[PDB]
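Notes for the structure review
Take a look at the letters that make up each chain.
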Amino acid sequence: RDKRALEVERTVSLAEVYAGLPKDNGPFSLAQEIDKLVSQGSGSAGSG
Amino acid sequence: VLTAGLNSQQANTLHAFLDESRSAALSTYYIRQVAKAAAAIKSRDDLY
Amino acid sequence: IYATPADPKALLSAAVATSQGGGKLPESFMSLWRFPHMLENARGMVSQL
């Protein structure tokens, strides 16, 4: 059953995911939300 | 009128708050005034 | 369109292996392992036998 599998790679930007969320999921700029969350004692960004 | 003016993120934050606050209050009331003696509920954990 | 003819010398050794008996001489797996490796495994397998 052992077969050589196709060995593949993929590079993922999370900034692309967050900026890419459907409007109802709260898309956001990752670097900017981080600065706000770090400067604030708490918070969140995006959803789900 | 005031909760109606909230950012949806704030609105969700509000609800999280109110819900945690309300169960503490209602759980307490229930145990002292509503619960039947037969259900030996002494604390919020027994209520669970 | 036209298949390359099977090499008759191999057809013969296959025909012989079948006529020699045994019968259950199954198609081997299109193996990823080279001979030296498989040889060591087969050897350990037989020494257990």
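Residues numbered from 1 in each chain as written, not as in the entry; some residues may be left out. Chains lettered and ligands numbered in written order. Part of a larger assembly, values for the part shown. Heavy atoms only, no water.

Looking at the entry header, you'll see cryo-EM listed as the method and 3.4 Å as the resolution.

Another aspect to go through is the pattern of salt bridges. If charged atoms from side chains of opposite charge come close, those side chains can pair. On inspection of all chains with the given rule, the structure shows 5 salt bridges over all chains. With a closest N to O distance of 3.6 Å, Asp-19 of chain B and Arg-22 of chain B form a salt bridge. You can see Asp-19 of chain B and its partner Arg-22 of chain B sitting in helix α1 (residues 8-34), 3 residues apart, about one turn around the helix. A residue is classified by how much of its surface remains accessible, and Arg-22 of chain B, at 48% relative accessible area, is partly exposed. Of the charged contacts, one joins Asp-7 of chain C and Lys-9 of chain C as a salt bridge, the two residues approaching to 2.5 Å between their closest N and O atoms. For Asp-7 of chain C, a relative accessible area of 38% translates into the label partly exposed. Judged by relative accessible area, which is 61%, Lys-9 of chain C ranks as exposed. (Salt bridge = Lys/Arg side-chain N within 4 Å of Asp/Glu carboxyl O. Helix = DSSP H or I, 4+ residues; strand = E, 2+ residues; numbered from the N terminus. Buried < 20%, exposed > 50% of the residue type's maximum accessible area, 1.4 Å probe, protein only.)

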